[PDB]
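One structure below.
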Amino acid sequence: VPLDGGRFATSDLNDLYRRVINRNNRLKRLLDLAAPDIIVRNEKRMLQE
Amino acid sequence: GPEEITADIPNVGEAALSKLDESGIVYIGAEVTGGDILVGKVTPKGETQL
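In order, the protein sequences belong to chains 04 and 03.
Its first residue numbered 253, the first sequence is counted upward by one per residue in PDB author numbering.
Its first residue numbered 846, the second sequence is counted upward by one per residue in PDB author numbering.
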């Protein structure tokens, strides 16, 4: 929801699923790029977190 | 926004102002009941909503 003035009074539910997906799309990107193991796997670390 | 007491008072007519003098403040011995207004308080609104 918008805040009077020009800001946002949002419940972090969004700011976590956004994270679940920012990281998620970046992960699929990192695989089309075919980056080395431990790096894209460190990405799956961030996916499970 | 710098607040002013009463000044601009919408959502009512002049019936409520029968006890809200030339200052928009309640009388010197009124019979306020139910849901009337004691003193007028003004506050600004918002960018995103206009």
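Even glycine gets a Cβ: it sits at the ideal position worked out from N, Cα and C.
query                                                                                                                                                                      : result
Can we say the stretch 269-289 of chain 04 touches the stretch 861-872 of chain 03, given the rule of at least three CB pairs closer than 8 angstroms?                     : no
Can you give me the Cβ contacts of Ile-882 (chain 03) inside the same chain, cut-off strictly under 8 angstroms, excluding the 5 residues immediately before and after it? : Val-857, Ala-861, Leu-865, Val-871
What would DSSP say about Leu-883 (chain 03), mapped onto helix, strand or coil?                                                                                           : coil
So, helix, strand or coil for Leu-285 (chain 04), using DSSP?                                                                                                              : coil
On the three-state DSSP scale, how would you describe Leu-265 (chain 04)?                                                                                                  : coil
Find the residues of chain 04 that neighbour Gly-891 (chain 03), judging by a C-beta separation of less than 7 angstroms, and give them in chain order.                    : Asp-256, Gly-257
Given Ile-854 (chain 03), which residues of its chain have a CB within under 7 angstroms of its CB, disregarding the five upstream and five downstream residues?           : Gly-869, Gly-885
Could you tell me the alpha carbon to alpha carbon distance between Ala-286 (chain 04) and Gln-300 (chain 04), rounded to whole angstroms?                                 : 20 angstroms
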